[PDB]
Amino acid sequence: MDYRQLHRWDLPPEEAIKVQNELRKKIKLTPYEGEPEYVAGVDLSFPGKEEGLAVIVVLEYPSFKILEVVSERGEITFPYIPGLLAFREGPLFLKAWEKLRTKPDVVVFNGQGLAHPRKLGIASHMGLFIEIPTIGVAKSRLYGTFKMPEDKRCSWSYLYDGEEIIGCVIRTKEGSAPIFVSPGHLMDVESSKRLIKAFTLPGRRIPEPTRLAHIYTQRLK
């Protein structure tokens, strides 16, 4: 699948932060109206240390039938730093993306989008490259404040940066920790909440696109 390569990846952390502060200006928080037909999820594993495997799975909606899996292996060259995840995982994701034949309507990443100290988590950053609506779904908080949702399925609360809403926290599974959902690019807070709820089956904590992408990262190892 095609994409735009907006900048080089081999930057020191200080310069990578500056890149984020320019790219954040380019995010578009627009509603996602209607229902998608094809939904992608992305996950990464590390079979060897600093050797990565990126997997993209494309699902049909609402059936969740698997339409495509792509993967790519490569060396990891940038350390994990909270807030700079894209510089670690972005390049290998894009190598998998170039192989993709099915064009998704929405892409879900393991990580934040808007809920990020510079408003450009990996989901937002990659959204700018691929120019398709994206959503970030994370298991823990990077940035923002929130009231803990009720321990009842579908309970949610907003994530705030002061008075600004940057995402939400959703109890997708009663008795389990919630998930952190934030819009990436061409997505807004209300739409990302609605879509992730639609993608998450009752009894499961994790939405089907990234749940299945994780399954394949483990199998392909």
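Residue numbers run from 1 along the displayed sequence.
Chemist: Mean C-alpha B-factor higher for 195 to 203, or for 208 to 216?
Modeler: The recorded data point to 195 to 203.
Chemist: Mean C-alpha B factor from the entry: is it higher for 177 to 185 or for 50 to 58?
Modeler: Of 50 to 58 and 177 to 185, the stretch with the higher C-alpha B-factor average is 50 to 58.
Chemist: I'd like to know which of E150, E89, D105, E98 has the highest C-alpha temperature factor in the PDB entry.
Modeler: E150 has the highest C-alpha B-factor of those listed.
Chemist: Among the modelled residues of its chain, does the C-alpha B-factor of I166 lie in the lowest, middle or highest third?
Modeler: Highest third - that is where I166 ends up once the chain's C-alpha B-factors are sorted.
Chemist: Quick check for you: using the entry's CA B-factors within this chain, is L44 in the lowest, middle or highest third?
Modeler: It belongs to the middle third of the chain when residues are ordered by C-alpha B-factor.
Chemist: In terms of the CA temperature factor given in the entry, to which third of its chain does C154 belong: lowest, middle or highest?
Modeler: It belongs to the highest third of the chain when residues are ordered by C-alpha B-factor.
Chemist: Using the B-factor values recorded in the entry, state whether the Cα atom of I27 falls in the lowest, middle or highest third among the modelled residues of its chain.
Modeler: As the PDB entry reports it, the C-alpha B-factor of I27 lands in the highest third of its chain.
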